[PDB]
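Read off the chains here:
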Amino acid sequence: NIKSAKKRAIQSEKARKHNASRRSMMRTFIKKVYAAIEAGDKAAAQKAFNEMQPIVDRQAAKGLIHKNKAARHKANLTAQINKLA
Amino acid sequence: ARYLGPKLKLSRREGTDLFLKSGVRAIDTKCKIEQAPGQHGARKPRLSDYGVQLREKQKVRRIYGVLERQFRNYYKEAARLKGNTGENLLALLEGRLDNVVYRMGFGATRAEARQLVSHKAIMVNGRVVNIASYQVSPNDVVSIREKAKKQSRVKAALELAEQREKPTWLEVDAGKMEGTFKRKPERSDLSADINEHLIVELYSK
Amino acid sequence: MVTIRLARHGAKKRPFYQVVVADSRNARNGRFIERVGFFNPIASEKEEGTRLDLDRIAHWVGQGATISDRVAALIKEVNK
RNA sequence: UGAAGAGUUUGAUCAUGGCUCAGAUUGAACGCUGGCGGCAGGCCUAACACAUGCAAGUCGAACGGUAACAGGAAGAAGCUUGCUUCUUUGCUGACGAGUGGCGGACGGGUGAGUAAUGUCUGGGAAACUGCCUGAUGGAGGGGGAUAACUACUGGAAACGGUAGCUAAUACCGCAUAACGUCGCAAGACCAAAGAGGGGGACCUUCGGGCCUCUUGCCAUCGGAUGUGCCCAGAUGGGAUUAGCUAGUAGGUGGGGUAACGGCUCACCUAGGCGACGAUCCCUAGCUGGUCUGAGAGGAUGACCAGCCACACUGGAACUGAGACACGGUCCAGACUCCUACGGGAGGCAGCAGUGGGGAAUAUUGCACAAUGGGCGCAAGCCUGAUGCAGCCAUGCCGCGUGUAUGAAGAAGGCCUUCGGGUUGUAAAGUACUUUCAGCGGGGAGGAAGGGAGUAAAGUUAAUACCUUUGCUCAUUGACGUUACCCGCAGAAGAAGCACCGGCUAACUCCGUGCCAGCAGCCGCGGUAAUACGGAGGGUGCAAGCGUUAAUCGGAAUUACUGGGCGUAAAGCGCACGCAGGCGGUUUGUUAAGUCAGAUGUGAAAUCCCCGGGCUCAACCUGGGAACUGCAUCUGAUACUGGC
């Protein structure tokens with residue numbers, strides 16, 4: 001014994017206390033633009049995307065979504081806003 | 001494996017000389033061939049075709065003392081390169097060290113030659129030999145060790161070798177007691193009574 | 001991840017020692033990428049018992065593979 | 001341009017056939033009998049089971065630290081007057097525990113599950129990818145925690161829980177903002193860790209600012225090696241298995257993922273599959289290959305090569321490139337094991353001994369020396385991996401148990417209308433000579449470097465390290481009757497087992513008398529039994545010999561090569577007919593199939609021929625020759641398909 005499960009399976013709770021609080025805070029700002037694509041006028045979704053992107057990419061430089069997920073959250077969402085004027 | 005009967009019992013059952021229990025008497029005395037035939041063959045049997053066959057198979061084996069599992073291996077090696085089992089089989093028996101040590105005159109029989117190898121008395125290419133079931137090739141040199149040259153059985157075997165036809169497959173010098181192999185033997189140059197008519201059809205029907 | 005290493009060969013008690021390029025994964029004697037020589041211990045009492053392909057070895061270690069310090073010391077035996 | 005046959009239905013004859021047998025396979029037992037080596041292997045049997053001891057480590061050149069060792073440093077002694085000694089001090093070499101990173105998803109083991117995205121084989125698109133290696137930019141400044149150490153608690157306790165202190169390349173803000181985010185595009189947005197060496201101007205108790213070097217950190221994108229997914233081909237039994245789905249059948253928008261997908265939540269419909277064998281139970285992992293044979297075919301996968309699955313039995317998450325992760329986390333249950341009797345701890349399917357099963361399968365051995373892999377920019381460590389020692393009539397292979405000479409042929413036995421024969425050159429003796437055993441005498445090679453001195457534009461700051469080379473110090477073996485070879489007194493310790501009418505050879509004389517016991521089959525046996533038992537011999541094999549389940553050949557007796565259907569074995573009581581299958585002759589045309597050509601493949605082994613090296617040979621190795629096959633891209637269209 002005397003193995004790494006202590007800082008792994010047991011201290012992944014200290015990461016849960018940080019990652020989960022970022023993921024919910026982030027998903028709220030996504031849902032505040034994924035509702036705004038019902039229009040009128042693109043500016044609402046454009047403004048809400050411009051309020052989403054700054055807090056998404058704040059999780060995309062280290063940890064949570066720093067490898068692939070941050071752009072995955074934006075890719076098809078751009079193709080959901082550019083359908084407006 | 002051994003033969004624990006009188007060694008002339010085989011020749012007396014065959015009505016033919018097999019080169020067994022030989023020494024300074026050389027031939028015929030007291031071999032009693034057709035003078036003491038025993039309890040069978042006088043009166044030579046007809047029996048099954050399975051006779052010649054088996055009793056003819058034993059006569060081509062026991063003349064070289066070879067065991068059945070050896071004889072089947074030489075039949076496998078004689079069935080190589082289309083050389084014919086009626087011919088290239090002779091080279092695997094006559095080319096064997098317990099026949100070479102006998103043909104060179106170090107032993108008076110193939111048994112006595114085989115014994116001299118099991119007693120480490122022989123060398124092949126400057127190294128001592130203990131295995132007598134081994135093939136000799138051209139340019140291989142065979143000799144008796146100084147520690148064994150004075151045994152009376154070798155003394156007698158060399159005097160018997162002078163009473164025997166010289167082989168055209170290997171050489172030997174009586175002063176060094178050293179001989180060298182030269183060429184692999186051939187049916188029409190061995191020029192003697194050994195089978196063909198059965199060694200062309202073994203292990204099949 | 002890939003090392004220029006020894007392969008014992010000869011099963012029990014009769015080694016042949018070949019030098020090969022192999023991954024740290026899988027096999028410990030066979031399954032190698034390229035052979036680069038031999039270190040035969042019973043070489044007919046002749047100096048023919050050691051061979052090393054120094055050009056191909058230099059390209060393997062240049063490109064990023066590990067060379068063993070045991071083999072680096074044996075490069076001296078083929079001159080040089 | 002390729003090859004084992006005989007016996008036997010009857011009063012007997014000829015066809016045909018059931019059966020028995022030849023030689024292997026061997027991953028064995030019996031049970032007599034047992035003189036010794038050489039090589040290999042060691043539960044195909046219950047995912048049944050166990051005490052005790054092991055099997056996974058490691059770095060202070062990431063870091064807070066300092067019990068211990070020695071120096072440097074500052075003092076104090078012996079006077080030994082140049083060192084020895086003592087104290088004090090993490091400055092340094094370093095290091096016990098801990099923080100942190102890497103590895104422990106490997107090397108292995110087992111075969112329970114599974115007729116299957118599990119295996120073997122070739123391609124693909126929407127993909128990643130720690131390790132290895134590259135480019136182009138960045139490289140400032142803060143803070144909250146927590147172990148060690150302690151306080152206390154359940155304690156019978158390995159402990160590990162409840163609370164406290166403190167540090168980092170651990171964990172979280174600030175500063176900076178493209179090669180990147182998404183797109184055709186303006187444009188918003190965010191991280192990092194430095195660490196250890198080396199040195200010049202000026203000066204110091206070096207307290208060097210600052211540059212330079214090595215090796216790391218962040219991003220973005222490549223190279224490589226691997227891997228997840230998607231496609232097309234091989235892969236039991238049962239058709240008296242006839243029913244099977246239902247994230248099934250076809251669409252829609254998010255969320256999840258590296259990424260396809262009913263992965264996953266919603267919503268939009270009602271089908272989809274099957275007798276041309278869907279589907280489900282029973283059994284079973286699969287394959288390089290091995291075994292058999294002339295081959296087809298059949299059998300089979302241990303051992304040596306390669307995947308998958310599985311970790312008390314069942315189940316849940318984390319960590320990550322990858323795992324419901326043999327020696328980790330978290331639970332449940334069982335059975336061992338322990339108890340201070342309050343409850344506590346264990347994983348043999350890694351390695352050892354062993355409980356139990358079975359006809360049946362190696363020692364609780366020695367060592368990290370060699371070699372693979374793991375840490376550390378490395379010396380050095382770990383290892384039941386590996387390398388050695390010990391075991392076997394279990395196999396494959398090999399040897400010995402003494403040679404000469406010794407009679408019409410002894411004494412005895414056994415056969416003999418008693419002439420003779422036979423045991424038997426065997427013995428008695430007479431002349432010589434030793435293998436292995438035993439006991440001694442010699443003796444390889446496995447082992448090579450690192451630390452350093454030295455010294456070059458290789459590198460740099462052209463006097464360290466690093467890079468590199470010769471010599472000179474330093475200096476590594478568990479195994480030793482090592483591998484291999486030679487001797488010594490002495491026949492010294494050394495032979496058994498099966499079989500004997502016909503097939504299929506060796507047997508005469510007795511014993512028994514349809515009795516007792518044999519085999520592959522008829523059967524052998526009632527007073528003259530070649531088969532049973534006994535005497536004396538014969539025949540074959542030999543440290544064995546006989547004997548067998550289990551797999552092939554022979555078996556053309558399932559015929560694909562290679563058969564038969566009037567009557568032996570068979571046309572299925574007879575007419576119509578869809579799919580299926582078949583189809584005259586000729587000009588075009590497609591080019592799937594075919595053949596051609598080319599590019600890949602058929603690994604390592606192995607079968608065959610010839611070498612090398614270890615008693616022969618096997619084997620382990622080196623080269624040829626094969627592996628008649630398979631995948632694709634072009635050509636030709638005779639012919640089958642197609643138009």
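Residues numbered from 1 in each chain as written, not as in the entry; some residues may be left out. Chains lettered and ligands numbered in written order. Part of a larger assembly, values for the part shown. Heavy atoms only, no water.

- cryo-EM is the method the PDB entry lists for this structure, together with a resolution of 12 Å.

Some thoughts on the overall build of chain C
Phase 1 of the analysis: Counting secondary structure elements, chain C contains two helices and five strands.
Phase 2 of the analysis: Seen in sequence order, chain C has helices and strands lined up from the N terminus as β-β-β-β-α-β-α.
Phase 3 of the analysis: Expressed along its principal axes, the backbone C-alpha trace of chain C runs to roughly 35 × 30 × 15 Å.
Phase 4 of the analysis: Burial status across chain C gives 26% buried among its 80 residues.
Phase 5 of the analysis: A separation threshold of at least 6 residues defines the contact pool for chain C, and within that pool the share at least 24 residues apart is 29%.
Phase 6 of the analysis: Here chain C has roughly 5900 Å² of accessible surface; of this, 49% comes from carbon and sulfur atoms. (Helix = DSSP H or I, 4+ residues; strand = E, 2+ residues; numbered from the N terminus. Buried < 20%, exposed > 50% of the residue type's maximum accessible area, 1.4 Å probe, protein only. Contact = heavy atoms within 4.5 Å. Areas by Shrake-Rupley, 256 points an atom, 1.4 Å probe, with all protein chains shown as cover.)

Comments concerning the nonpolar core
Most often, soluble globular proteins have nonpolar side chains that are buried together.
Phase 1 of the analysis: Counting residues in each nonpolar core, the largest one holds 44 residues, and the members touching the most others are B:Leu89, B:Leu97, B:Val101, B:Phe106, B:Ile122 and B:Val142.
Phase 2 of the analysis: Within the residue set of this core, elements represented by two or more residues are helix 3 (68–78), helix 4 (91–94), helix 5 (97–103), helix 6 (110–118), strand 1 (122–124) and strand 3 (141–144) of chain B.
Phase 3 of the analysis: Mapped onto the domain boundaries, this core takes at least three residues apiece from domain 1 (7–93 + 190–204) and domain 2 (94–180) of chain B.
Phase 4 of the analysis: Not counting the four nearest positions on each side in its chain, B:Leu97 is found in contact with B:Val117, B:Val124, B:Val129, B:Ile131, B:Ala132, B:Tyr134, B:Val136 and B:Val142.
Phase 5 of the analysis: Core analysis: the next-biggest nonpolar cluster, separate from the first, contains 14 residues, A:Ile30, A:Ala48, A:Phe49 and A:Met52 among them. (Core = buried A, V, L, I, M, F, W, Y, C linked by side-chain atoms within 4.5 Å. Domains from an automatic or database assignment.)

What to know about the packing of aromatic side chains
Phase 1 of the analysis: Evaluated as defined, the whole model comprises one aromatic pair over all chains.
Phase 2 of the analysis: Where B:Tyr75 meets B:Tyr203, the ring centres are 5.5 Å apart and the plane angle is 70°; that geometry is what we call edge-to-face. With B:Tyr75 in helix 3 and B:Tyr203 in the segment after helix 8 (187–190), this pair connects stretches of sequence that are 128 residues apart.
Phase 3 of the analysis: Here B:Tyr203 falls in the partly exposed class, since its relative accessible area comes to 40%.
Phase 4 of the analysis: If you follow A:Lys32 out to its NZ or CZ, it ends over the ring of A:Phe29, 5.4 Å from the centre.
Phase 5 of the analysis: Geometry around B:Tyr64 places B:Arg110 over its ring, the cationic atom sitting 4.3 Å from the centre. (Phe/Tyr/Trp six-rings, centres within 6.5 Å; stacked < 30°, edge-to-face > 60°. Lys NZ or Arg CZ within 6 Å of the ring centre and 35° of its normal.)

Quick look at the sheet that holds strand 1 (residues 2–7) of chain C
Residues and elements named next belong to chain C.
Phase 1 of the analysis: Strand order in the open sheet formed by five strands is 4-3-2-1-5, with mixed pairing between adjacent strands. Both edges of this open sheet fall to strand 4 (50–52) and strand 5 (66–67), since each of them pairs with a single strand only.
Phase 2 of the analysis: With three bridges connecting them, strand 3 (residues 34–39) and strand 4 associate as antiparallel partners. The residue of strand 4 that forms the bridge with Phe-39 is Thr-50. (Pairing = 2+ DSSP bridges.)

A look at helix 7 (residues 152–161) of chain B
All names here are of chain B.
Phase 1 of the analysis: Looking only at helix 7, the buried set comprises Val-154, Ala-156, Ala-157, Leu-160 and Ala-161. When helix 7 is viewed along its axis, its buried side chains cluster within an angular range of 160° and face the same direction. Facing away from the buried surface of helix 7 by more than 90 degrees, the exposed residues are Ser-152 and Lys-155.
Phase 2 of the analysis: Against helix 6 and strand 3 lie the buried residues of helix 7. (Arc of directions from axis to C-beta.)

Focus on the environment of A:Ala39
Phase 1 of the analysis: Relative to the helices and strands, A:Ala39 is located in the loop between helix 2 (12–34) and helix 3 (43–56).
Phase 2 of the analysis: Note: C-alpha distance between A:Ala39 and A:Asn50 (eleven residues apart in sequence) is 16 Å.

Digging into unusual backbone geometry
Phase 1 of the analysis: Cis geometry marks the peptide bond from B:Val52 to B:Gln53; its omega dihedral reads -5°.
Phase 2 of the analysis: Checked against the element boundaries, B:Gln53 lands in helix 2 (residues 51–62).
Phase 3 of the analysis: Along the chain, C:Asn79 connects to C:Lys80 via a cis peptide bond; the corresponding omega equals 0°.
Phase 4 of the analysis: Tracing the sequence through the fold places C:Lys80 in the segment after helix 2 (69–74).
Phase 5 of the analysis: Non-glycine residue B:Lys21 carries a positive phi angle of around 45°.

What to know about the pattern of salt bridges
Phase 1 of the analysis: Counted by the stated rule, this structure contains 18 salt bridges over all chains.
Phase 2 of the analysis: Linked by salt bridges that have partners in common, B:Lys57, B:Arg61 and B:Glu68 make up one network. (Salt bridge = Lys/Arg side-chain N within 4 Å of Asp/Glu carboxyl O.)

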